[PDB]
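Below, in structure tokens: the form deposited in one PDB entry, a single chain.
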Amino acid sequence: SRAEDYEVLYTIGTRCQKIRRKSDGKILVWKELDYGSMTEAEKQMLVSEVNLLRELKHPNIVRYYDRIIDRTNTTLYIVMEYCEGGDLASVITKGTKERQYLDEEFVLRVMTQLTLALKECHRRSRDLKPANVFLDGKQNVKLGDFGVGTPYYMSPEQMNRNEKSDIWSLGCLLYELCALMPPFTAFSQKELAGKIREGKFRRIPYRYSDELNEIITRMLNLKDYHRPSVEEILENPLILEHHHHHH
């Protein structure tokens, strides 16, 4: 459609902005992309890429609504859902500061809702990292598209040379949610690789049940074939109706 149909309220991060649709005042978000300096090839990839985004409809995946071309300032806007809770990275960062651990109930919601997101991605065949996981205003958890640093979540196989690879990464993410730090830490990737191949890490804090520790521990198995599948994860007695998405 057209940018004039929306009013920017303010910038979230750098560009992403919270916006209001004029027709009904609905609160949304858009992402600004300046293609002015792109080749025709880069733009064709962009077109198809954006095309695959409109296809994905799922409660646990950030919903995209529209693409908007402003050829005058060579900007493409991708209009999406507003997730008022922000991203999971900030939640973990915050926890670290106030030295306050997250509730097991929140960890179970994230496990449940991200596992369902993964199942969808696999079916239709995204980076499983805290910075790419978003919270809305009704306790729902949503996977985003994006989709120098140390690769904390790289799996043993995807580090030598797989859907069980996603399970490892989810393990790393839930582990980091609980402990406020990743299972494996190191100053260089080589040292990191060293620690991963060993497959050893601390138990998540004792405030968390043995059942939660067990499942996260399984996801962190060195053998992908010992890691639980999406199906096996959701059969876990920990996971209850209220841990799923609600409108």
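Between two forms, the rigid core is the largest collection of C-alphas that superpose within 1.5 Å. In this text, residue numbers run from 1 along the sequence as written.
*Asks:* Counting only other entries where the flanking residues are modelled, do a third or more lack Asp127?
*Replies:* Yes; at least one third of the other entries leave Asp127 out.
*Asks:* Coordinates for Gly147 lacking in at least a third of the other PDB entries compared?
*Replies:* Affirmative; at least a third of those entries omit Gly147.
*Asks:* Just how many deposited residues go unmodelled from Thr72 to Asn73: none, 1 to 3, 4 to 9, or 10 or more?
*Replies:* Per the deposited record, the segment joining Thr72 and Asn73 has no missing residues.
*Asks:* Classify the number of deposited-sequence residues missing from the model between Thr14 and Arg15: none, 1 to 3, 4 to 9, or 10 or more.
*Replies:* Unresolved stretch here: 4 to 9 residues.
*Asks:* Got a sec? Mean C-alpha B-factor, which is higher, 79 to 87 or 171 to 179?
*Replies:* In the deposited entry, the stretch with the higher C-alpha B-factor mean is 79 to 87.
*Asks:* Averaged over C-alpha atoms, is the B-factor higher for 21 to 29 or for 223 to 231 in this PDB entry?
*Replies:* According to the entry, 21 to 29 carries the higher average C-alpha B-factor.
*Asks:* I'd like to know which of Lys129, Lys94, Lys142, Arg123 has the highest C-alpha temperature factor in the PDB entry.
*Replies:* Of the candidates given, the C-alpha B-factor peaks at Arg123.
*Asks:* Can you pull the Cα B-factors for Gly199, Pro205, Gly194, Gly36 from the entry and say which is highest?
*Replies:* The listed residue with the largest C-alpha B-factor is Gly36.
*Asks:* Using the B-factors in the PDB entry, rank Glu163's C-alpha atom against the chain and give the third, lowest, middle or highest.
*Replies:* Middle third by C-alpha B-factor.
*Asks:* Using only modelled residues of the chain, where does the Cα B factor of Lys119 rank: lowest third, middle third or highest third?
*Replies:* Within its chain, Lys119 is a middle-third residue by C-alpha B-factor, going by the deposited values.
*Asks:* Would you please rank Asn60 by its C-alpha temperature factor against the other modelled residues of its chain and give the third it falls in: lowest, middle or highest?
*Replies:* Tercile = middle for this residue's CA B-factor.
*Asks:* Compare the C-alpha B factor of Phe134 with those of the other modelled residues in its chain, then answer lowest, middle or highest third.
*Replies:* Bottom third by C-alpha B-factor.
*Asks:* Within this chain, which third does the Cα B-factor at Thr150 fall in: lowest, middle or highest?
*Replies:* Highest third - that is where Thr150 ends up once the chain's C-alpha B-factors are sorted.
Although it is not shown, the form deposited in another entry is what the next lines describe.
*Asks:* Where does the C-alpha shift reach 2 Å or more between the shown form and the other one among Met38, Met181, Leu192, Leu212, given a fit on the rigid core?
*Replies:* The one that shifts is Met38.
*Asks:* Given a superposition on the rigid core, I'd like a yes or no on whether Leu76 shifts its C-alpha by 2 Å or more between the shown form and the other one.
*Replies:* Yes; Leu76 is a residue whose C-alpha shifts (by 2 Å or more) between the shown form and the other one when the cores are overlaid.
*Asks:* After a rigid core superposition, would you say the CA of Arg203 moves by 2 angstroms or more between the shown form and the other one, or not?
*Replies:* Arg203 C-alpha, core-superposed: shift of less than 2 Å.
*Asks:* State yes or no: after fitting on the rigid core, is the Cα displacement of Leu53 between the shown form and the other one at least 2 Å?
*Replies:* The answer is yes, as the C-alpha of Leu53 shifts between the shown form and the other one by 2 Å or more after core alignment.
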